[PDB]
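Have a look at the structure below, then the notes.
2 protein chains.
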Amino acid sequence: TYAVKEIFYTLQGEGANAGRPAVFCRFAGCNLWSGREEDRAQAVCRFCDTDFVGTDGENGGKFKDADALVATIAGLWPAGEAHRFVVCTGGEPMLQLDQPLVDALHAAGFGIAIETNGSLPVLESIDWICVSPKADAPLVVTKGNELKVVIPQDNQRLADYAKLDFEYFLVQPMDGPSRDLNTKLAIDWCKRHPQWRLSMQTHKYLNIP
Amino acid sequence: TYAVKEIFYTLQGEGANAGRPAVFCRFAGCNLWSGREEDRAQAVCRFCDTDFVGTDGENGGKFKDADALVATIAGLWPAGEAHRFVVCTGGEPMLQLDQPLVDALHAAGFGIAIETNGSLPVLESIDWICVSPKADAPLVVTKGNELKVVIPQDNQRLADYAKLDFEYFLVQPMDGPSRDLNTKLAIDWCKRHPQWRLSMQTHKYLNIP
Ligand SMILES: C[S@@+](CC[C@H](N)C(=O)[O-])C[C@H]1O[C@@H](n2cnc3c(N)ncnc32)[C@H](O)[C@@H]1O
Ligand SMILES: C[S@@+](CC[C@H](N)C(=O)[O-])C[C@H]1O[C@@H](n2cnc3c(N)ncnc32)[C@H](O)[C@@H]1O
Ligand SMILES: Nc1nc2[nH]cc(C(=O)O)c2c(=O)[nH]1
Ligand SMILES: Nc1nc2[nH]cc(C(=O)O)c2c(=O)[nH]1
Ligand code: SF4
Ligand code: SF4
Ligand SMILES: [Mg+2]
Ligand SMILES: [Mg+2]
Ligand code: NA
């Protein structure tokens, strides 16, 4: 059984796969914040830009099993087109993403990405692992495809993240009332430390979901 | 001898390497347009967003040999940092980019990308080949790392391009008076035909060179 906030078809806005058509499956619920505003200031992750509470978004709901969820995901892909790609997010997708769902998505011809905060172990059969560490949470996933660090965060040891086992090391400016400022900080960081590259939230500039 | 409009250090704004720190080396001169506005209306390539005339830009000049040019490119890289990366562009870089320059950039620890219109043979020792075909020019480069097609162009056969031997197939919206329109067309093209992914000109959104 899966609790899903919304499922939608768009381009991946972030990370190395930015620009790529993807079905986004947004699981409800996170382990670093309740999703309630009155809780935000005391939460482990306090900067979240996302509504992951409940199952009331587009295509959202409680799915009986993996086949029902996969059916809805596949249904959003253009008929007769391949390159099927799903980005599992949330919320924290590792609270709910399990092997039977991964196997059913693979059997349906999807490549699978995850967006995860890195505080929970990941399924290594996932094809694309994006880890976005939250400075005040544990980081237990220390290898993956891309480490996409939102900056600035207090308590961050940013340069050290670069010792972890990832193919790409990205900084993503924190959105909120200081986005332009954070974007300038992020560009400068990369130019001074070019192991790192910039991940913009391109979907916000394109005004697409 | 090399005629170079400008050399600057920034983030690659475009293609699959978007976000990556790079020295841009912009060669002077193109085979598809004189760069003169009086000639634009009759040129093979008519939509160019770039000034590639003369050697009067930042660090631009006539370089006596490869060593000279590599010296200036290397001097823009942050001291003590690796991941050296240079994007050769212009203008049409294949008018001037030769094996000695490729060999000296490589000797200096640079990975080398090119931005090329594809109408001229490219050197296969170049590490990253980005081909952006112009609808009314010959396309002789039919393999490479990314094929980054600016859209829309009249006379374009866009689905045919996807038959070529590239790792990535991208559409980039044509900037000009219709950029927003063109951006929506490009998003829609990728969602309908998801072999294709979007290449935004992110440096224009970031307002960086
Ligand atoms: C909403 S999270 C969901 C997946 C999981 N909780 C995680 O944090 O990766 C998806 C991506 O958005 C990023 N993000 C969240 N709030 C953001 C903000 N205000 N500015 C920029 N990126 C943000 C997260 O760091 C993560 O990389
Ligand atoms: C300035 S060109 C120089 C390299 C080579 N002459 C070429 O055309 O690929 C670099 C990139 O800018 C793209 N470009 C030029 N004018 C553009 C415009 N108005 N809108 C979007 N992309 C543009 C080109 O297609 C190319 O991919
Ligand atoms: N287009 C788009 N790209 C995204 N990449 C990560 C997102 C997320 O919410 O996990 C997201 C999102 O919400 N939209
Ligand atoms: N930041 C940035 N990225 C770019 N990618 C290709 C460019 C070009 O002029 O070839 C370009 C450019 O001029 N600036
Ligand atoms: S860990 Fe991810 S989903 Fe949870 S509050 Fe933070 S950014 Fe949002
Ligand atoms: S071929 Fe490249 S440099 Fe030449 S005019 Fe066209 S976009 Fe500009
Ligand atoms: Mg989001
Ligand atoms: Mg340019
Ligand atoms: Na900090």
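So the sequences go chain by chain: B and A.
Each step along the first sequence adds one to the number in the entry's author numbering, with nothing skipped, and position 10 is 11.
Each step along the second sequence adds one to the number in the entry's author numbering, with nothing skipped, and position 191 is 192.
Built from N, CA and C at the ideal position, the CB exists for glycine as well.
Between residue i and chain A, is the shortest Cβ-Cβ distance under 8 Å, so that the two count as touching?
i                         : result
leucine 171 of chain B    : yes
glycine 20 of chain B     : yes
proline 153 of chain B    : no
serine 200 of chain B     : yes
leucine 12 of chain B     : yes
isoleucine 209 of chain B : yes
Would residue i count as contacting chain B if we go by Cβ distances under 8 Å?
i                        : result
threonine 51 of chain A  : no
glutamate 82 of chain A  : yes
residue 211 of chain A   : Because chain A is modelled from 2 through 210, residue 211 of chain A falls outside the range shown and cannot be assessed.
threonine 203 of chain A : yes
Identify the residues that DSSP records as bridge partners of residue i: which are they?
i                         : result
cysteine 131 of chain B   : B/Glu116 and B/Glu147
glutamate 7 of chain B    : B/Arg27
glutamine 173 of chain A  : A/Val151
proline 22 of chain A     : A/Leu12
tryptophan 197 of chain B : B/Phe170
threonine 90 of chain B   : B/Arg27
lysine 65 of chain B      : Looking at the DSSP assignment, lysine 65 of chain B forms no beta bridge with any residue, so it has no partner.
Can you list the residues of chain A that residue i reaches, using a CB-CB cut of under 7 Å?
i                       : result
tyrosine 206 of chain B : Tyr206
At a CB-CB cut-off below 7 Å, which residues of chain B make contact with residue i?
i                        : result
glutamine 196 of chain A : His84
If the cut is a Cβ gap below 9 Å, which residues of chain B does residue i touch?
i                        : result
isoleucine 74 of chain A : Chain B residues near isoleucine 74 of chain A: none, gap ~14 Å exceeds 9 Å.
In angstroms, rounded to a whole number, what distance separates the CA positions of residue i and residue j?
i                           : j                            : result
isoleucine 74 of chain B    : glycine 110 of chain B       : 11 Å
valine 24 of chain B        : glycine 112 of chain A       : 34 Å
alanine 44 of chain A       : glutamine 173 of chain A     : 21 Å
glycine 92 of chain A       : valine 123 of chain A        : 14 Å
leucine 199 of chain A      : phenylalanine 86 of chain B  : 15 Å
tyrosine 206 of chain B     : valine 142 of chain A        : 33 Å
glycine 36 of chain A       : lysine 135 of chain B        : 49 Å
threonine 184 of chain B    : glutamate 125 of chain A     : 36 Å
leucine 182 of chain B      : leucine 148 of chain B       : 22 Å
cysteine 131 of chain A     : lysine 63 of chain B         : 44 Å
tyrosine 10 of chain A      : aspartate 66 of chain A      : 21 Å
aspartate 104 of chain B    : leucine 140 of chain B       : 26 Å
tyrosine 3 of chain A       : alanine 69 of chain A        : 10 Å
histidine 84 of chain B     : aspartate 57 of chain B      : 28 Å
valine 88 of chain B        : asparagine 146 of chain B    : 14 Å
residue 231 of chain B      : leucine 98 of chain B        : Only positions 2 to 210 of chain B appear in the structure, and residue 231 of chain B is not among them; the question remains open.
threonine 117 of chain B    : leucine 106 of chain A       : 38 Å
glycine 16 of chain B       : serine 133 of chain B        : 10 Å
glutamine 202 of chain A    : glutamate 82 of chain B      : 27 Å
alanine 187 of chain B      : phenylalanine 48 of chain B  : 16 Å
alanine 42 of chain A       : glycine 119 of chain A       : 21 Å
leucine 165 of chain A      : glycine 30 of chain A        : 27 Å
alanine 163 of chain B      : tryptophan 197 of chain B    : 8 Å
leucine 77 of chain A       : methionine 175 of chain A    : 30 Å
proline 210 of chain B      : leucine 96 of chain B        : 23 Å
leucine 121 of chain A      : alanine 160 of chain A       : 22 Å
residue 221 of chain B      : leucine 33 of chain B        : Because residue 221 of chain B is not part of the residues shown, which for chain B are 2 to 210, the question remains open.
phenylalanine 53 of chain B : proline 153 of chain B       : 23 Å
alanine 19 of chain B       : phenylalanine 170 of chain A : 13 Å
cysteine 191 of chain B     : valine 5 of chain B          : 35 Å
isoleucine 115 of chain B   : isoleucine 8 of chain A      : 38 Å
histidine 204 of chain B    : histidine 204 of chain A     : 15 Å
What does residue i touch in chain A if you count any residue whose Cβ is under 8 Å from its own?
i                     : result
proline 79 of chain B : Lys192, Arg193, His194 and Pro195
- Task: Please list the residues of the segment 180–194 of chain B that have a C-beta atom closer than 8 Å to any C-beta atom in chain A, keeping them in chain order.
- Result: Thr184, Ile188, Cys191, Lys192, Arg193 and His194
- What residues from the segment 90–110 of chain A come within 8 Å of chain B, judged by C-beta to C-beta, listed N to C? none
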